[PDB]
Amino acid sequence: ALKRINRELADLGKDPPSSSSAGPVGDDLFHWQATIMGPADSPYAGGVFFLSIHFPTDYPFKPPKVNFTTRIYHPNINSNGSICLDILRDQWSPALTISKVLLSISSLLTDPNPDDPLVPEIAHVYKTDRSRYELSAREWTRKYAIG
Amino acid sequence: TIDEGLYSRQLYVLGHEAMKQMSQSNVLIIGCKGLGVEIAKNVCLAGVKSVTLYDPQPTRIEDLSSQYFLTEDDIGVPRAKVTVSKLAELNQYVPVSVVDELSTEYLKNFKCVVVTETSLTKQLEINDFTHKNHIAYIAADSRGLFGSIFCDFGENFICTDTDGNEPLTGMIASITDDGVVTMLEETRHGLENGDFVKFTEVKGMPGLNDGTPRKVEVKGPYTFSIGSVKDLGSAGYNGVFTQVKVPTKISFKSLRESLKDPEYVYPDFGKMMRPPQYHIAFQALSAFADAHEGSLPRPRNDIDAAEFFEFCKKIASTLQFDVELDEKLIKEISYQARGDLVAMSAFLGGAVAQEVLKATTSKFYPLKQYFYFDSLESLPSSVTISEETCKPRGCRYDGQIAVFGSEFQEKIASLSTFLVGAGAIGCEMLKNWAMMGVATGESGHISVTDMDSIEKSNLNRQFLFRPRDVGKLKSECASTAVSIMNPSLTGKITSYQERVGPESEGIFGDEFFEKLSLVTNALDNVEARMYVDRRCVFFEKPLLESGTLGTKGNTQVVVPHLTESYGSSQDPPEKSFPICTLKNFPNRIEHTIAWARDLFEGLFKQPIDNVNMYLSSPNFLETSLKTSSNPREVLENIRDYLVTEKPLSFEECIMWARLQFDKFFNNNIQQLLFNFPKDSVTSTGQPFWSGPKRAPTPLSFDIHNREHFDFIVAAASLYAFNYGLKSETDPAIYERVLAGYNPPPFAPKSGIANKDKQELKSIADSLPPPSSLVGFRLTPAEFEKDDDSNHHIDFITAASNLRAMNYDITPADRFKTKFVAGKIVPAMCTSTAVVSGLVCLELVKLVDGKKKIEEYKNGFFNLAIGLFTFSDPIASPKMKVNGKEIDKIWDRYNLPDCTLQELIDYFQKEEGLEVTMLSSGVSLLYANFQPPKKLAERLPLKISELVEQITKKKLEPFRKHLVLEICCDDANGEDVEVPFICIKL
Amino acid sequence: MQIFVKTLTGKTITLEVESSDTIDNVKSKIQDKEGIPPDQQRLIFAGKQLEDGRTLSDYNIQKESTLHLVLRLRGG
Ligand SMILES: *P(=O)(O)OC[C@H]1O[C@@H](n2cnc3c(N)ncnc32)[C@H](O)[C@@H]1O
Ligand SMILES: [Mg+2]
Ligand SMILES: [Mg+2]
């Protein structure tokens with residue numbers, strides 16, 4: 001576990017992550033804090049979102065537990081920060097790095113999927129009244145994702 | 001009337017109908033030696049109607065080599081008479097009897113007849129009668145390291161289930177006019193050619209829903225074909241298909257006919273020419289016994305071997321066998337004729353008991369018909385095995401000395417083993433060790449650890465534990481039982497009650513692990529297996545792993561510096577459903593059961609823990625606000641479970657249960673249908689509630705309905721238990737108190753600077769001060785499945801069935817709900833016996849210290865289909881480090897307790913490598929990218945001091961080493977794998 | 001060349017391969033037909049566990065050969 005985690009950390013260090021920044025907390029290798037920048041072409045533009053990543057003992061043979069910390073108004077992210085991503089529950093394989101997980105999360109932010117929602121009310125607002133969803137997302141990202 | 005409190009694990013393998021048929025079948029067992037007693041024990045534990053024994057031969061000392069129900073005080077007494085008393089205690093529902101005389105016409109009273117230790121003429125006489133009267137006949141034999149099984153269930157045997165697999169089911173996406181059935185997106189049907197399926201809920205082709213099975217023509221992993229459905233319709237949409245399993249007609253041949261033209265079952269495809277040899281060899285053994293007044297060839301005797309080979313040649317000539325006899329193998333069969341090993345007895349007894357269950361239940365595929373097995377790779381080669389060393393000494397180990405010799409017996413008696421776990425495999429392993437004489441010498445010792453206690457359901461396959469032992473520690477009872485079996489083990493066994501893990505390293509430390517000879521795992525979870533494997537790798541000890549699941553089993557051996565460890569391979573992980581599926585859109589009973597377990601945890605465990613922590617920690621509120629993602633939930637739970645909804649009587653508990661019923665089965669469904677109406681469409685125009693998504697319907701409470709009342713009773717009882725009230729089960733109070741409920745109005749909500757901090761502060765201030773409430777605690781509900789009076793499984797079943805009725809899913813019962821929610825592993829006594837036999841056959845290889853990797857065998861088997869297979873262990877990978885051959889698993893660096901700078905200098909100067917990362921445990925001691933100030937602070941510190949400083953915890957006094965993981969780069973900058981570092985404190 | 005793979009649960013699989021194919025290709029075919037990742041497959045032929053990086057001809061696997069697909073179990 002330690003070897004794989006350090007290899008991923010070094011790979012992140014060598015290659016510029018640009019719109020992401022993941023690293024261990026304190027000196028603990030099984031607890032990372034990551035930052036995601038809201039896409040410009042999205043309601044979350046100009047926002048910084050903090051994520052907590054917990055690597056299990058069986059890593060990379062079990063998926064990391066990735067949870068949002070900054071509150072976000074998204075159809076696939078609930079109030080506990082849980083993310084509806086298939087690669088984190090049952091599609092995880094011991095060949096996916098944290099960089100690909102962060103890219104998947106950024107793609108999820110860039111376009112939600114209301115056909116299989118995790119928060120039905122937000123999905124209903126998105127499908128019915130798009131402008132109100134846009135306003136709510138902008139207000140939430142200005143109220144929580146900026147600071 | 002099956003006692004599910006005892007047969008809980010076995011019913012998950014066999015079923016109710018199978019055990020119902022079993023409980024009406026009689027089994028006769030001829031022969032009461034180790035093999036016969038093993039078969040009888042497994043049959044009694046299985047639960048057949050009755051067992052009858054026939055063995056009038058007086059007991060002899062050598063018989064104690066594998067007969068664990070015989071003591072040295074029973075010499076000269078018939079074996080059946082002294083064995084029936086001990087067998088009658090295993091199961092109270094299975095009487096055990098003894099017959100002093102056998103007649104042919106007496107055989108008609110039995111469903112199955114098992115024959116051991118009998119000559120071929122008697123076997124022919126018995127089979128000529130059983131075959132024509134339709135009685136199942138099984139004949140087993142165990143000669144040294146060789147074994148044989150023969151099954152004959154009649155000419156017209158009917159097998160209802162041929163593989164023991166649950167019927168396959170799946171969801172369809174479309175059915176064309178030509179029968180091309182297509183599964184959903186990326187869903188595999190898993191069918192094979194020639195299978196039968198039935199369809200339900202098919203729209204557009206109602207004819208397919210009648211229920212007639214149809215042939216399956218597999219065309220790919222995602223689609224298959226059923227034929228021409230031109231008349232039934234043009235196209236069908238959605239639906240569910242379920243596999244149909246049909247009975248099979250199996251025809252057996254009699255023993256007399258089968259001797260001439262046998263049909264072999266091959267336990268190993270690496271040696272496919274041997275079973276023809278063993279077929280002649282065993283018949284020659286019978287002929288030799290006939291010609292010498294029933295006396296087998298003497299151990300390692302050359303004259304008897306020559307005579308036996310002459311018999312083999314004569315028999316091969318008579319049977320017109322066009323085979324070439326391997327003289328070495330046949331004479332090896334001759335040498336070990338008088339051997340009686342407990343491992344072979346356990347292996348063959350498990351197999352034969354499974355065959356008996358197949359005969360009595362008409363389930364699983366029987367053997368057809370001869371099963372010849374050998375474990376000749378277990379014969380020692382580091383000691384002298386001759387006539388002089390193999391002659392009997394008049395002791396209880398004569399049966400084993402006849403195979404291995406006295407010197408190997410002395411080697412066995414000086415073992416210092418460590419057994420982790422005391423379950424079914426643990427009990428079998430301890431019994432095998434007691435019979436083999438393990439650790440009965442001056443320098444021998446056995447250590448067994450297990451932190452659990454004996455339960456009622458454990459007695460079904462752990463034969464060392466009696467009903468009087470319920471509530472005591474497993475290890476102590478097992479130690480006492482095996483000391484009774486072999487009195488020489490008095491004082492040679494130490495039992496612990498410790499869980500093997502990171503917290504027990506003060507007991508199982510360097511001193512403990514340095515005196516061992518081998519470690520045997522008898523665990524039931526992968527985490528403990530990985531931990532023990534890491535400990536064995538660090539201490540370089542042999543490890544014996546074994547696992548079972550229903551009728552399947554496997555055994556693996558880990559040898560230092562030779563093979564890979566247990567953790568070098570991967571296993572399929574458990575299935576975890578997407579959170580969206582569980583939370584909103586379930587379509588299987590497993591989804592509803594998982595949701596109900598989460599509901600139980602969130603109603604009876606988490607709020608109680610929050611309340612208790614609020615009254616203990618003096619700084620819980622601020623820490624929760626800072627750390628917890630959603631402090632609102634914690635504050636609301638504390639408020640509700642302290643002041644808002646604290647029950648003063650059981651009536652308020654019933655009202656709370658009614659409120660929760662409305663909350664979780666009527667209102668959330670209304671909200672969901674408000675957000676996504678039943679007529680809504682997706683972004684592409686298709687209906688939303690189609691396929692994997694099932695449209696729900698709110699439930700209206702009806703007191704007379706069984707499921708609603710069950711949920712109300714269970715929820716009220718659990719809430720009262722949380723608040724320590726006097727719960728009741730009288731329906732009158734429920735009826736009179738639920739007739740006055742006033743449902744609060746509910747209407748789904750459409751929605752439409754930072755004051756939430758003020759709201760949180762106001763909520764926090766409303767809570768009573770912790771100082772005022774001291775000593776007031778609420779009891780959280782800890783999930784427990786084995787108790788049938790704590791309402792846990794009742795509540796989970798009721799909630800799961802109510803949610804199933806929400807989404808129109810077929811509800812389950814308490815049996816399946818307990819199986820799924822409880823994560824029960826199906827277990828069998830026969831599989832346990834087989835795995836113990838294989839492990840004890842590898843143990844003698846470990847004792848002999850064999851070096852070649854082709855002499856060890858990892859074993860896999862499935863008794864439902866009669867499949868056995870073996871493969872050599874995988875050799876540990878090698879790598880090149882600084883131009884040297886280094887083992888990637890078993891090699892390490894040994895260094896003193898030097899400073900970090902000195903460690904880096906050593907790796908730069910000795911190995912020519914640059915250290916880039918250095919970690920210990922979970923911390924990060926050193927990394928090449930850390931700022932210069934932090935490094936300059938951490939450079940001149942010793943490794944122990946550095947670890948203590950970073951982890952903020954002193955090293956324990958018993959700690960004697962540190963394990964460090966290091967990643968380093970070569971001169972060119974290429975990363976190179978290196979072994980771990982062992983710092984000596 | 002055509003080979004057969006028998007699972008520990010009794011299923012049978014037919015694979016169309018060539019003697020020069022590597023074990024990785026066979027594992028990929030088994031994954032396609034079963035969905036089992038190549039790193040979780042344990043293949044046995046004639047008492048030898050097949051290891052990645054070698055070819056079929058190394059194990060003398062010829063037409064109509066039978067392999068066994070096994071796995072470890074966690075009870076005890
Ligand atoms: P089977 O499920 O019948 O019995 C398994 C036994 O193994 C013991 N066990 C499980 N896990 C551990 C650890 N970590 N340490 C020691 N013993 C363990 C159970 O108590 C069962 O007796
Ligand atoms: Mg227990
Ligand atoms: Mg268990």
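Header says: electron microscopy, 2.7 Å.
In case you wondered, yes, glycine gets a Cβ from its N, Cα and C as well.
In this view, C:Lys6 (ubiquitin cross-link) is surrounded by 18 other Cβ atoms within 10 Å of its Cβ, with every protein chain counted. DSSP classifies C:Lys6 (ubiquitin cross-link) as strand under the three-state reduction. Taken from Swiss-Prot, the feature ubiquitin cross-link covers C:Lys6 (among others).
In this chain, no residue six or more apart from C:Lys11 (ubiquitin cross-link) has a CB-CB distance below 8 Å. The ubiquitin cross-link annotation in Swiss-Prot covers C:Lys11 (among others).
According to Swiss-Prot, the feature ubiquitin cross-link maps to C:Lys27 (among others). Sequence-distant contacts (6 or more apart, same chain, Cβ under 8 Å) of C:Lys27 (ubiquitin cross-link) comprise C:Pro38, C:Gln41, C:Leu43, C:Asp52.
Under the three-state DSSP scheme, C:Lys29 (ubiquitin cross-link) falls in the helix class. In this view, C:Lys29 (ubiquitin cross-link) is surrounded by 18 other Cβ atoms within 10 Å of its Cβ, with every protein chain counted. Per Swiss-Prot, ubiquitin cross-link is recorded for C:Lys29 (among others), and the stated evidence type is similarity to another entry.
Other C-beta atoms found within 10 angstroms of the C-beta of C:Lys33 (ubiquitin cross-link) number 15, with every protein chain shown included. If you look up Swiss-Prot, you'll see C:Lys33 (among others) marked as ubiquitin cross-link.
The Cβ of C:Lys48 (ubiquitin cross-link) lies under 8 Å from the Cβ of C:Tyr59, each on the same chain and at least six residues away in sequence. Marked as ubiquitin cross-link by Swiss-Prot: C:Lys48 (among others).
A 10 Å cutoff on Cβ-Cβ distances gives C:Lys63 (ubiquitin cross-link) a total of 9 other Cβ atoms nearby, all chains included. A coil conformation is recorded for C:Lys63 (ubiquitin cross-link) in the three-state DSSP classification, outside any helix or strand. Taken from Swiss-Prot, the feature ubiquitin cross-link covers C:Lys63 (among others).
Feature annotation from Swiss-Prot assigns domain 'Ubiquitin-like 1' to C:1-76.
Each of the recorded sites C:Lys27, C:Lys29, C:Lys33, C:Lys48, C:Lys63 was checked for a CB under 8 angstroms from a CB of chain B; the ones meeting this are C:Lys33, C:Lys48. Taking CA atoms as the reference points, C:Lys29 (ubiquitin cross-link) and C:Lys63 (ubiquitin cross-link) are 16 Å apart.
The residues of the domain 'Ubiquitin-like 1' (C:1-76), classed with DSSP into helix (H, G, I), strand (E, B) and coil, number 19 helix, 25 strand, 32 coil. A gap of 13 Å separates the Cα atoms of C:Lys33 (ubiquitin cross-link) and C:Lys6 (ubiquitin cross-link). If you take the Cα of C:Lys6 (ubiquitin cross-link) and the Cα of C:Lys63 (ubiquitin cross-link), they are about 15 angstrom apart, rounded to a whole number.
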